[PDB]
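Peer 1: sequence first, structure after; it's an experimental one.
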Amino acid sequence: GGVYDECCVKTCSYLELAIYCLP
Amino acid sequence: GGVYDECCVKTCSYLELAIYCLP
Amino acid sequence: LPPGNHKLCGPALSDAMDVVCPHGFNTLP
Amino acid sequence: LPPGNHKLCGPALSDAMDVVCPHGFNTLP
Amino acid sequence: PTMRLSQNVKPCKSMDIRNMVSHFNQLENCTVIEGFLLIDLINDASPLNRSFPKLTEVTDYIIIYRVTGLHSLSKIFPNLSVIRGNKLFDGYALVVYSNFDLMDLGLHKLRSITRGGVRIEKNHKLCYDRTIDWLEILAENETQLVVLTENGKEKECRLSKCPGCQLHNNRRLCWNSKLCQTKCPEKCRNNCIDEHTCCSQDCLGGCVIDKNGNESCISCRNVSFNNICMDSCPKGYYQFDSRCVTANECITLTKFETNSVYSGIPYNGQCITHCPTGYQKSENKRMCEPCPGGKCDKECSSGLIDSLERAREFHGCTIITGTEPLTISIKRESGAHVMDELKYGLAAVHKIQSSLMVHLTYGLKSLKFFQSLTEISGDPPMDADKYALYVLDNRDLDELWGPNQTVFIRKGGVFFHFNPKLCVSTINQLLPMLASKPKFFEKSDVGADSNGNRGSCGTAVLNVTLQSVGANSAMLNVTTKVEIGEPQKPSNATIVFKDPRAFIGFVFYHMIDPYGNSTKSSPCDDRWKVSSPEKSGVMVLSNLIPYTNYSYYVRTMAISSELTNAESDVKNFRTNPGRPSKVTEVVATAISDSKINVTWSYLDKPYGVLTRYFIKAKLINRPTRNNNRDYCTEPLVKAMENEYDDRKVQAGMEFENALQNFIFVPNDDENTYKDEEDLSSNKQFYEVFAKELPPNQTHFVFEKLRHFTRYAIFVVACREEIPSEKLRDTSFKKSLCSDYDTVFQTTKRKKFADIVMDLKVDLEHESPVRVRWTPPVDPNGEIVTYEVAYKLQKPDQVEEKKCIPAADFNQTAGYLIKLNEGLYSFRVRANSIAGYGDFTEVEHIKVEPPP
Amino acid sequence: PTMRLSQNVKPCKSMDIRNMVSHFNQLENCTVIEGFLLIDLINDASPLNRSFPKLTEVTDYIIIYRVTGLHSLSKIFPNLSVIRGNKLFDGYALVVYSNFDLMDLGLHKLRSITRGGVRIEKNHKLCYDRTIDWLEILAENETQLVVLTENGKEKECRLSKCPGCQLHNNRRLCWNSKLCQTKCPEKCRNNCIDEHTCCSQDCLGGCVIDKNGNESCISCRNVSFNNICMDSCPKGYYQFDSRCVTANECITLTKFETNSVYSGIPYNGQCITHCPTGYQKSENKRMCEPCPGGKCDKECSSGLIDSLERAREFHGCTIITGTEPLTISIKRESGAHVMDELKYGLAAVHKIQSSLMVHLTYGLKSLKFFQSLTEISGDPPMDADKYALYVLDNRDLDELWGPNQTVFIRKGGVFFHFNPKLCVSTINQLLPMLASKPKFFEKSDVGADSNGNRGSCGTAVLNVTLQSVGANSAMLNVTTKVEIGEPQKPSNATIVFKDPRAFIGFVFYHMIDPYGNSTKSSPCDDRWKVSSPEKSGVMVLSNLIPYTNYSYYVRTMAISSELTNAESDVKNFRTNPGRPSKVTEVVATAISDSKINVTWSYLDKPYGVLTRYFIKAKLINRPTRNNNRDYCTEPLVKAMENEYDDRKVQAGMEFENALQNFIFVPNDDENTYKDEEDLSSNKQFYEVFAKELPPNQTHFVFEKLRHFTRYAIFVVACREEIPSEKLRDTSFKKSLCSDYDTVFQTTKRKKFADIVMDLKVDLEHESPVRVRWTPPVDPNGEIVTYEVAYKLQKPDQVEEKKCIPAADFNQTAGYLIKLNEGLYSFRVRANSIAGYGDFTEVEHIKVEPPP
Ligand SMILES: *[C@@H]1O[C@H](CO)[C@@H](O)[C@H](O)[C@H]1NC(C)=O
Ligand SMILES: *[C@@H]1O[C@H](CO)[C@@H](O)[C@H](O)[C@H]1NC(C)=O
Ligand SMILES: *[C@@H]1O[C@H](CO)[C@@H](O)[C@H](O)[C@H]1NC(C)=O
Ligand SMILES: *[C@@H]1O[C@H](CO)[C@@H](O)[C@H](O)[C@H]1NC(C)=O
Ligand SMILES: *[C@@H]1O[C@H](CO)[C@@H](O)[C@H](O)[C@H]1NC(C)=O
Ligand SMILES: *[C@@H]1O[C@H](CO)[C@@H](O)[C@H](O)[C@H]1NC(C)=O
Ligand SMILES: *[C@@H]1O[C@H](CO)[C@@H](O)[C@H](O)[C@H]1NC(C)=O
Ligand SMILES: *[C@@H]1O[C@H](CO)[C@@H](O)[C@H](O)[C@H]1NC(C)=O
Ligand SMILES: *[C@@H]1O[C@H](CO)[C@@H](O)[C@H](O)[C@H]1NC(C)=O
Ligand SMILES: *[C@@H]1O[C@H](CO)[C@@H](O)[C@H](O)[C@H]1NC(C)=O
Ligand SMILES: *[C@@H]1O[C@H](CO)[C@@H](O)[C@H](O)[C@H]1NC(C)=O
Ligand SMILES: *[C@@H]1O[C@H](CO)[C@@H](O)[C@H](O)[C@H]1NC(C)=O
Ligand SMILES: *[C@@H]1O[C@H](CO)[C@@H](O)[C@H](O)[C@H]1NC(C)=O
Ligand SMILES: *[C@@H]1O[C@H](CO)[C@@H](O)[C@H](O)[C@H]1NC(C)=O
Ligand SMILES: *[C@@H]1O[C@H](CO)[C@@H](O)[C@H](O)[C@H]1NC(C)=O
Ligand SMILES: *[C@@H]1O[C@H](CO)[C@@H](O)[C@H](O)[C@H]1NC(C)=O
Ligand SMILES: *[C@@H]1O[C@H](CO)[C@@H](O)[C@H](O)[C@H]1NC(C)=O
């Protein structure tokens, strides 16, 4: 799901977390 | 069994309970 | 006195012992 | 930045977001 | 009836201000927001040179999350007036979250919020947080959800001056430091254009009035068409959240929903994004059709629920499946819309293939929102298939499935713990539900101690009877006769204990309460004073304050292992009148030589009612003349100068059982008074004076006393009498009037009055000269001596004077003085225990003896 | 040495005084009781026409249960000395129970109790029992078994005053006031015949000097043979409790046990009832021989154990079988021999076929007494066969098995709740012992906060550092850096928190404690004052009282759902000296007209070290002559007038998470003084006087001060200075001396000094007479008038006296007084602020006017 569904639970990596960017 | 085995746990009748005080 | 279920306990049990039969008891040995 | 697990949460999550993504967010619709 | 709406509508769909200022251009021209408006992650809002007064109404909600470089919302929300909450994000209609630069809201034109509450959080610079009376803006019924925290209100916000609009309801409702909220009367609540100017119910938030009388609504309350307000749309159109739209317009319209966009469907005169219950969207998604079998069996994967907004994703779902339990974990504070939102999100579900679980929730009142639920299959029960209904730590849960509701359970065991309000009885109603049909739940599954500890559910009642009362004492007697041991024909208002020892005894609480509304004790509350456990069933309250109302209530104390608890209601009673207290601030003063004054108050408890005041004044005279004095050498002016609580029992019980198992073997005060004043022997004055006074009084004067006296003042207040004290009791033990303290006022009241009069002089034959005088009407304070003076009627002469111990001059018919030739004038005055008097007038004698 | 014991014994087996007194006829001639002696259900003991002094010693125990008609135990036990306690009834050795007629014990000769203890219950009329120091009579190591209750202590039993031996140990100690306890000195603790006549270690129970002047034991401590005491029995004889007998005799001896009688077996020099470990009784029961396989197996049906006496029945049993769980339910008060009686009753079991259960025990410290246990087969579990080890409500349980003890668990799940002293870590040690080898126990079976909450075991330590201190303030500093968020590179002073929000902040406690030992808070304890949670990790204690030792300690506060708790040690520190308090009870008093005295005390806190005392005395000017007064027309004398907060943060956290999930999208003064005095210009008196005084002093005298004058008294107490203060504090802060209040002196005998001198007279020519005089060196109070007197040197002439306001007669060289012919004398005295002076001596003048 969203950020709190993908990270802060079953923690994620910064590289994956970059998906929420690059307009 | 003992008095506390037959009475005050489960239930006992007086006439049966009279056994403890025969002459 | 007649009924036979009587979940009797503690001091009530002790006193009932006397009232049921004051004459005496068997002694242990 | 290096590690891959880094269980970010709460305000730390937003602070890491606004820097790891320093220039924009693609809007909902 | 019919009325225009202000301006001409140019709506723009849901809006998102993102990243940078330039995106503010998207607000161009549109008066209302057909969806939600969110502004977030604007790194610097200062470059915003414009404002947008046309924006007035928003359909769903406003969230301002992490905008930096913005000082106030006035610039971007000049005329925002109404928030209608057709779509209600997480139960909050207006959110302003985590902004470092917001100081003053500036929302001068906000008037009405139709749904949801308001949350303001993490705005350290926000001043004026507490100003607004939010409860008027919201829907009047459920106004609870108004939450604000860490706004910087602690100390730094010294600029809470406000215009003092001023301190109405001792709360200055000021926007900024200068602006303030305009209230509306109840007849036009939150629909007024100014403090009193009202608007008809057709509009929402008020209306504008012009010189032409063309009153126009701020926005239509029900619906709008062609800029005109009406209750419902004309035929052929569809309602879309503020206005009437055609079928094509509905087809084009859209609204965002949980990472998805749904186009509205023109159905039954309304444009809605979801078909109603029992309907499903067409393949072309242009209309809705009835569901086959009256129910579309949509299914969704089970998953956690963290807040209301997550629950909306389950809308319209019937079957929740998957090994994962449907863990509800909502966390509100004073849940306002939790019930309705969860209802919208779950009313459809009727069968759960997984196992429900509701762990650690706040504000979740009940599970009633599972309206259509019928069977918790629990096929893969959670926790190693142990349990199919898991409940835990629900700080505010109180009741399970709603009234007359029934749900089957095919597997696993129930579980309950730490639920404060959930009474055990409500849990046991599930006993006939389970497939195994257990007769009772074992102690390992249901936490009979923890569950329901805070709920007044299992409190068996006691017929506590107040037996007798007194001045400081009262006796309590508990009527309920407790069964101990033998069942003894139950249903007799029983209250039972299966073992005499287990019953430690009754416990009586009591506490002073003039209002009789003290609640029962929670665990450090100390309002209640409690006596030690008692077994006979009667307790004697003692040392009460007379005529003081006391609340009391009885509880049964038993060994912790026992569970046959009972209690009583909080009955109230008052003690007897008792005896009144002393009079406060008693002082006496002299008005004249015969008139006296006294002042007093009663700033202490009278108890009962002060029927009357009574004062007694007694004259206590001075001692006789004292010889330890000298005259004319020692004169005087003489002003006034006068725990476990169960371990012991448990050990005793066990040892008693062990011993039983082995011993036996088979084979000067006002007692009474009446109004009175005593005349002097000559009736010139009152020796003593004792009279009643009405309870109005606080000070009074007493008349016709004599000059220069010591009138001891005695004061008292008398209380009423109860009928049982006068007919059930007789005139003894009195205690009818208060304690007292004498007040003394031994002043030289008030003038010289009279000391000596009628002086005359003669001579025996430079013959000696005899001077006579008359004593005063009454001694000027116990006369002790006479000052006698004479002078010569010649220039440069001075008055000579002598002294006598009084009562001796009479032997010679006057005091004798050796005097020479000439004309002389004589004077005399008495001197007393009260000091000097004034010299009497003169009288002359001429000495001229012959040889 | 080996020697004869008093008298020759005739032992007799246990006796049962029951029903009626006639059975006492079975007790005569019994020197000692080889077993137990119980007296139960005598309806009336009054008809007892005898006493039995021969009975002296009993082996197992004494129980007096429900004996009626007996006033004291002396009549039946004149010489009962010791209770060897070879066997215990539920662990107790002397029980006196439920007797309505026992007034006094009467145990004058009671001298030593070897095992177990004493229980006294439900003897309402018993008195003087609560006087004896039971801890001295019992075995020294485990004196805890001294329980007593409901011995009429409320009001009626106040006659227990004893002979007040009288008040030794500040308490009475007597068997009724007729007697008092026979205390023994510590050199021979409870091993004496009187307070100074000790006894040898060979005897037990006392010893009496024989006719030969040599000791004779009341009873042998170790063993006895042929009336002689020795350490061990001779060959061919076996020890039976307190005496040695042959094998033939031992075969006949018997002792009653749990509704059974066991004969004695002569084994290894001892007469035995149960064969030792690894031995079993012979077929003829005449001897024990080694068990096959090292130990004979024995099976006993599982059943509850509600007291130690029940536990004794399981002695020697290896296997406990049956579907019934072995429910231990012991309920003691205080940790008595339970740990040993259960050891005797269960040390043999090595595996249990059923499941163990420990529901609701008190005083059960551990399950360490299962010495030989190896495996809980748990074949039939219980509670729906869920669990094989069920532990619950054990108010005093703290550890399960012996250190590093290994016992298998073949089936079922463990269970643990409500055990306050059972630390969670101690439970998890079972994880590697279960058959399923769970990695961790689920919250459904093992509690989270209900276990070990009372045990200071799970606390991670904080390294609190006290940063700075002051007069009233101090700053604290938590050194331990916190692992908030990611665990990246752990073990760096971990104190981890998974997210920044779960940890709400540190909590600081402090409280005044000169002793520095206040225990940590348990929940109404109000000793500790607390501060609000703080996140930065630094706090500033404020408003402390100077130089007071404060105890403080820190702990972490986190939302209940989180569990990474930590705490600190209870460190303590003292504030700074501050400023000393005002002097108390300051008063001034005279010693002479120039010697003055002052008294003071310091009954308030000095706050530091009182380096010195300082007193400063300075005079004030007298008032001058005033024109609003008249003199010698009126005399003048003129005596001198002189909370949990869980919900809020939880809701905020959840809403913040829900909003994150939606926002993003992918794509007068003494400053200083010097000791000194100021001397007047004339050197007559010191105007001011300021000096230091040593801290010894409390009152001191100051002399050579001006007379007729007030001296303002100013007193001070000054404190020490810390090196860090003196090295920098030059003029700032300081405040090293106390507050003060001026004291003015009602100096007695400060008048009447120097009077008047040098009176002389002269005449101008009825010639007026000039009279001269000199004012005193120091005005006797500021002069307001001078009185002058004169008389004629002829009989019966009165001495006239007149006055002058002084300071105006000098321009005439004196005061002019009209006078006539004759010889006259004159006198003068001063009239001043201090009133009249004394008339000076006379001087004469002769008047002889010429024509
Ligand atoms: C509003 O729309 C018109 C065209 O309909 C456009 O010309 C105008 O610029 C818009 N408003 C603003 C402020 O630009
Ligand atoms: C103000 O902002 C608008 C865009 O909203 C822009 O068109 C205009 O040029 C700006 N004016 C100034 C003076 O910067
Ligand atoms: C008084 O006792 C009756 C039973 O006789 C019971 O029904 C009633 O509830 C009691 N009073 C109250 C106030 O409950
Ligand atoms: C308590 O009241 C009941 C009737 O309500 C009465 O029978 C009983 O005697 C009373 N008890 C006492 C101790 O007065
Ligand atoms: C105390 O209770 C009585 C009734 O028993 C009531 O009349 C009175 O008003 C109460 N006291 C107060 C201060 O209300
Ligand atoms: C009881 O009622 C009075 C009514 O004036 C109110 O002031 C008071 O706060 C109430 N007390 C409690 C404990 O509810
Ligand atoms: C004097 O008496 C009058 C009534 O006669 C009363 O009003 C007033 O308070 C009294 N004052 C004093 C000082 O007693
Ligand atoms: C004064 O007392 C009388 C009774 O004698 C009463 O009628 C009157 O109301 C009282 N005065 C006032 C102001 O109440
Ligand atoms: C037993 O006691 C009786 C007294 O009742 C006494 O006469 C007799 O001598 C005693 N016998 C022995 C063997 O002690
Ligand atoms: C005491 O009673 C016993 C029987 O119980 C009897 O043998 C004996 O003679 C009695 N002695 C006296 C002095 O009464
Ligand atoms: C195991 O524990 C026992 C006592 O419980 C101890 O004697 C023994 O040394 C321990 N063994 C080890 C290896 O620690
Ligand atoms: C805190 O103190 C304890 C005991 O003094 C010590 O073992 C520990 O290492 C300290 N912690 C740190 C981070 O130094
Ligand atoms: C004391 O607190 C400060 C911050 O207030 C911190 O920098 C310092 O490290 C602390 N002291 C120690 C020994 O860590
Ligand atoms: C207070 O603490 C100091 C050390 O900080 C110690 O010297 C002093 O003895 C303590 N106070 C008392 C009363 O012991
Ligand atoms: C511990 O402190 C208490 C007071 O809190 C005091 O009574 C006791 O003597 C102290 N004991 C020690 C060993 O410091
Ligand atoms: C008085 O003070 C002196 C120091 O000046 C000291 O030596 C002496 O011990 C003190 N007196 C007493 C009784 O302590
Ligand atoms: C004078 O002072 C001394 C000590 O300085 C004291 O013992 C004595 O009591 C004082 N006397 C008076 C009269 O104050």
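Peer 2: Perfect, I can see it now. Numbers count the residues shown, from 1 in each chain, chains lettered A, B, ... in the order given. Ligands and ions are numbered 1, 2, ... in the order given.

Peer 1: kindly export the longest helix seen in chain E (C-alpha atoms) in PDB.
Peer 2: Secondary structure assigned by DSSP state H gives helix E:647-663 as the longest helix of chain E. The C-alpha trace of helix E:647-663 is given here as PDB (Å, rounded to 0.1, in the frame of the first residue of the first chain):
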ATOM      1  CA  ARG E 647      -3.800 -13.600  53.500                       C
ATOM      2  CA  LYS E 648      -4.600 -14.000  57.200                       C
ATOM      3  CA  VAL E 649      -8.100 -15.300  56.400                       C
ATOM      4  CA  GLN E 650      -6.900 -17.600  53.700                       C
ATOM      5  CA  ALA E 651      -4.200 -19.200  55.900                       C
ATOM      6  CA  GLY E 652      -6.700 -19.500  58.700                       C
ATOM      7  CA  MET E 653      -9.200 -21.300  56.400                       C
ATOM      8  CA  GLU E 654      -6.600 -23.700  55.000                       C
ATOM      9  CA  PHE E 655      -5.200 -24.600  58.500                       C
ATOM     10  CA  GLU E 656      -8.800 -25.000  59.800                       C
ATOM     11  CA  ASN E 657      -9.500 -27.400  57.000                       C
ATOM     12  CA  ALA E 658      -6.300 -29.400  57.600                       C
ATOM     13  CA  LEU E 659      -7.100 -29.600  61.300                       C
ATOM     14  CA  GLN E 660     -10.600 -30.800  60.700                       C
ATOM     15  CA  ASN E 661      -9.400 -33.400  58.300                       C
ATOM     16  CA  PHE E 662      -7.200 -34.800  61.100                       C
ATOM     17  CA  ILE E 663      -9.100 -34.500  64.400                       C
END
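
Peer 1: buried residues in it?
Peer 2: For helix E:647-663, a neighbour-count test (16 or more other CB atoms under 10 Å in any protein chain shown) marks E:647, E:649-663 as buried. Every residue, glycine included, has its C-beta placed from N, CA and C.

Peer 1: right, is it up against chain F?
Peer 2: Yes - contact between helix E:647-663 and chain F, assessed by CB under 8 Å from any CB of the partner chain, occurs at E:647-648, E:650-655, E:657-659, E:661-663.

Peer 1: need the residues that contact that helix.
Peer 2: Residues outside helix E:647-663 that contact it (CB atoms under 8 Å, 6 or more residues apart in numbering or on different chains) are B:2-5, B:8, C:10, C:13-14, E:499, E:501-502, E:504, E:559, E:561, F:38, F:40-41, F:63, F:65, F:89-90, F:95, F:97, F:119, F:121, F:147, F:149, F:306-307, F:309-310, F:330-333, F:362, F:395.

Peer 1: in which helix or strand does residue E:396 reside?
Peer 2: Using DSSP states H and E, residue E:396 falls within no helix or strand.

Peer 1: and what of residue E:248?
Peer 2: Using DSSP H and E, residue E:248 maps to helix E:247-252.

Peer 1: make JSON lines out of the residues of helix E:647-663 next to chain F and add distance to residue E:537.
Peer 2: What follows is those, written out as JSON lines (distance: CB to CB, whole Å):
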{"residue": "E:647", "distance to residue E:537": "25"}
{"residue": "E:648", "distance to residue E:537": "22"}
{"residue": "E:650", "distance to residue E:537": "23"}
{"residue": "E:651", "distance to residue E:537": "25"}
{"residue": "E:652", "distance to residue E:537": "21"}
{"residue": "E:653", "distance to residue E:537": "21"}
{"residue": "E:654", "distance to residue E:537": "26"}
{"residue": "E:655", "distance to residue E:537": "27"}
{"residue": "E:657", "distance to residue E:537": "26"}
{"residue": "E:658", "distance to residue E:537": "30"}
{"residue": "E:659", "distance to residue E:537": "28"}
{"residue": "E:661", "distance to residue E:537": "31"}
{"residue": "E:662", "distance to residue E:537": "33"}
{"residue": "E:663", "distance to residue E:537": "31"}
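
Peer 1: three-state assignment of the residue lying closest to residue E:577 once chain neighbours are set aside?
Peer 2: Leaving aside its chain neighbours, residue E:577 sits nearest to residue E:608 (3.0 Å; criterion: CB to CB, 6 or more residues apart in numbering or on different chains). At residue E:608 the chain is in coil, as set by DSSP: H, G, I helix; E, B strand; the rest coil.

Peer 1: for chain B, what is the nearest residue in chain A?
Peer 2: residue A:9 (52.6 Å; CB to the nearest CB).

Peer 1: same check, this time on the stretch 1-150 of chain E
Peer 2: Closest approach between the stretch 1-150 of chain E and chain B, counting by CB to the nearest CB: residue E:144, at 53.1 Å.

Peer 1: burial count for residue 2?
Peer 2: Going with chain A. Using other CB atoms under 10 Å in any protein chain shown, residue A:2 has 18 neighbouring residues.

Peer 1: I was thinking of chain E, sorry if that wasn't clear
Peer 2: Residues lying near residue E:2 (other CB under 10 Å) number 7.

Peer 1: wait, what's in contact with it?
Peer 2: Neighbour list for residue E:2: E:202, E:228, E:229, E:230 [criterion: CB under 8 Å, 6+ apart].

Peer 1: quick one, helices of chain A?
Peer 2: Using DSSP H, helices in chain A cover A:3-6, A:14-17.

Peer 1: looking at those helices, which is closest to residue E:782?
Peer 2: Of all these, helix A:3-6 sits nearest to residue E:782, with 101.9 Å by CB to CB.

Peer 1: give me the contact list for the closest one.
Peer 2: Around helix A:3-6, the neighbours that count as contacts under CB under 8 Å, 6+ apart are A:12, A:16, A:17, A:20, D:13, D:17, F:657, F:658, F:660, F:661, F:664.

Peer 1: how distant is that helix from the center of its chain?
Peer 2: Distance of helix A:3-6 from its chain centroid, counting by CA atoms, centre = their mean, to the nearest Å, is 6 Å.

Peer 1: just stretch E:574-593 next, same as before
Peer 2: Stretch E:574-593 sits 34 Å away from the centroid of its parent chain (CA atoms, centre = their mean).

Peer 1: ditto for stretch E:522-537
Peer 2: Centroid separation for stretch E:522-537 versus its chain: 25 Å, with CA atoms, centre = their mean.

Peer 1: didn't residue E:735 look like it was pressed against residue E:580?
Peer 2: No - counting by CB atoms under 8 Å, residue E:580 is not a contact partner of residue E:735; they are 9.5 Å apart.

Peer 1: between the two, which one's more packed in?
Peer 2: Taking neighbours as other CB under 10 Å, residue E:735 and residue E:580 compare with residue E:580 leading, 27 against 13.

Peer 1: in terms of helices and strands, where is the more buried one?
Peer 2: In the assignment (DSSP H and E), residue E:580 maps to no helix and no strand.

Peer 1: again with residue E:552
Peer 2: Using DSSP H and E, residue E:552 sits in strand E:549-558.

Peer 1: what angle separates that strand from helix E:647-663?
Peer 2: If you take axes from the mean of the first three to the mean of the last three CA atoms, to 10 degrees, strand E:549-558 sits at 40 degrees to helix E:647-663.

Peer 1: ok, strand E:549-558 near chain C or not?
Peer 2: No - applying CB under 8 Å from any CB, one finds strand E:549-558 separated from chain C by no less than 13.6 Å.

Peer 1: which residues does that strand contact?
Peer 2: For strand E:549-558, the external contacting residues (CB under 8 Å, 6+ apart) are E:462, E:464, E:474, E:476, E:478, E:495, E:497, E:502-514, E:516, E:518, E:520, E:533, E:541, E:544, E:564-575, E:645.
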